[PDB]
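# Observations on chain architecture
Chain residues, written in single-letter form:
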Amino acid sequence: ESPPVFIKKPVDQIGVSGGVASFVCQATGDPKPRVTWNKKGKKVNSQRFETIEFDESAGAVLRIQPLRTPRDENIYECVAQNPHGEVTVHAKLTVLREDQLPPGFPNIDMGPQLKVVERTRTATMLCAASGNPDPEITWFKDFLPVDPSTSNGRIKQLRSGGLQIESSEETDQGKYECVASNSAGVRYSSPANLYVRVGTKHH
Ligand SMILES: [Cl-]
């Protein structure tokens, strides 16, 4: 037996009004725990605040969209629970107006566009971002973080930020977002849908 332990602790976010922020939380334990997002002890669930569970509910993403300031500025609680305990980690959300952004705040100079790719072919979605410090690029698909390093080589992130799917299958279809992050804050690209098609034929 063992009580819950967090294996992914959520990180603070400084986002931009009208944009998106996501927090990711995951725990382990024996029995395997659940995790649940709350605000001041109350379940988080509303039109703009959505939880997306993963890992048999031992994981949860808290997504806020579109961000509103000042109302969304708060501390949020991820609670992990199993029969042997209940434990909490916190993450802070700050939301800046577009006219209050510091100089180096991340910018999506060119985000990804609608992608159409024939099955089995390579698809590359670009994301060109800038900031000071130079922002780290990550990707989300259907509101969940993409981890290319655990994709068994199916997916990779290019050095210049693009997300590349080596051999496209129907399962790669979905809604992709690029995220640029640095010490100043976080900025999401507009989303881009990816569609897989069949080839042309004579008849
Ligand atoms: Cl439950």
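Rules and cut-offs
Residues numbered from 1 in each chain as written, not as in the entry; some residues may be left out. Heavy atoms only, no water. Helix = DSSP H or I, 4+ residues; strand = E, 2+ residues; numbered from the N terminus. Contact = heavy atoms within 4.5 Å. Polar contact = N/O pair within 3.5 Å; in protein donor to acceptor, adjacent residues only side chain to side chain. Buried < 20%, exposed > 50% of the residue type's maximum accessible area, 1.4 Å probe, protein only. Pairing = 2+ DSSP bridges. Disulfide = S-S within 2.5 Å. UniProt positions renumbered as here; feature names shortened; annotations may be inferred. Salt bridge = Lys/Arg side-chain N within 4 Å of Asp/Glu carboxyl O. 1 Å grid on protein atoms, 1.4 Å probe; cavity = no way out; pocket = protein on both sides within 12 Å on 5 of 7 lines; lining within 4 Å. Points joined across faces, edges and corners; volume = space filled by probe spheres on them. Nonpolar A, V, L, I, M, F, W, Y, C, P; charged D, E, K, R; others polar. Domains from an automatic or database assignment.

As stated in the entry header, the method of structure determination is X-ray crystallography and the reported resolution is 1.65 Å.

## Observations regarding the environment of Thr88
Here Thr88 is to be found in strand 9 (residues 85-96). Every residue in contact with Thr88, bar those within four places of it in the chain, is listed here: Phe6, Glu77, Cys78 and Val79.

## Quick look at the side chain of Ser151
One can find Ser151 in the loop between strand 15 (144-145) and strand 16 (155-157). Within polar-contact distance, the side chain of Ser151 engages the backbone nitrogen of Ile155 at 3.0 Å.

## A closer look at the pairing of strand 8 (residues 74-82)
Of all 9 residues that make up strand 8, 7 are buried, and the element is covered over most of its length. Across 9 bridges, the pairing between strand 8 and strand 9 is antiparallel. Looking at the pairing, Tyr76 lines up with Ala91 of strand 9. Between the antiparallel neighbours strand 8 and strand 9 lie 2 residues.

## Description of the sheet that holds strand 2 (residues 13-16)
Strand order in the open sheet formed by 5 strands is 2-9-8-4-5, with mixed pairing between adjacent strands. Each end of this open sheet is capped by a strand with a single partner; those strands are strand 2 and strand 5 (42-43). Where strand 4 (residues 34-39) lies against strand 5, 2 bridges are found, and the strand directions are antiparallel. The residue bridging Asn38 from the neighbouring strand is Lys43, located in strand 5.

## Quick notes on the UniProt feature "disulfide bond" in the chain
Sulfur atoms bridged by a disulfide sit less than 2.5 Å apart; for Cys25 and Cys78, annotated as such a bridge in UniProt, the distance of 2.1 Å is consistent with the bond. Here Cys25, found in strand 3 (residues 21-30), pairs with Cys78, found in strand 8; they are 53 residues apart in sequence, far enough to count as distant. Look at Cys127 and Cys178: UniProt pairs them in a disulfide, and at 2.0 Å between sulfurs the bond is present in this structure. Remark: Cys178 occurs in strand 18 (residues 174-182) and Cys127 occurs in the loop between strand 12 (123-125) and strand 13 (128-130); sequence separation between them is 51 residues. An identical accessibility class is assigned to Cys127 and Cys178; each is buried.

## A short note on the pattern of salt bridges
Applying the stated rule across the entire model yields 9 salt bridges. Among the ionic pairs, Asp55 bridges to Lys32, the shortest N-O distance being 2.8 Å. One end of the pair, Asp55, is in the loop between strand 6 (49-54) and strand 7 (59-64); the other, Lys32, is in the loop between strand 3 and strand 4, with 23 residues separating them in the sequence. Beyond isolated ion pairs, a larger network of salt bridges with shared partners links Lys32, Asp55 and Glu56.

## Things to note about the layout of surface pockets
Volume-wise, the largest pocket comes out at about 410 Å³. What lines the largest pocket is a set of 18 residues, and nearest its centre among them are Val11, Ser22, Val24, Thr138 and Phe140. Element by element, the count of residues in the lining of the largest pocket is highest for strand 14 (residues 136-141), at 4 residues. Each residue belonging to the lining of the largest pocket can be placed in one class, and the counts come to 11 nonpolar, 4 polar and 3 charged. Counting contributing residues per domain, the lining of the largest pocket is built from domain 1 (1-98) and domain 2 (99-203), each supplying no fewer than three. A volume near 160 Å³ is recorded for the second largest pocket. As for the second largest pocket, its lining consists of 13 residues, of which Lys141, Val146, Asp147, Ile155 and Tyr176 are closest to the centre. Those elements that provide at least two residues to the lining of the second largest pocket are strand 15 and strand 17 (163-165). Among the residues making up the lining of the second largest pocket, the classes are represented as 7 nonpolar, 2 polar and 4 charged.

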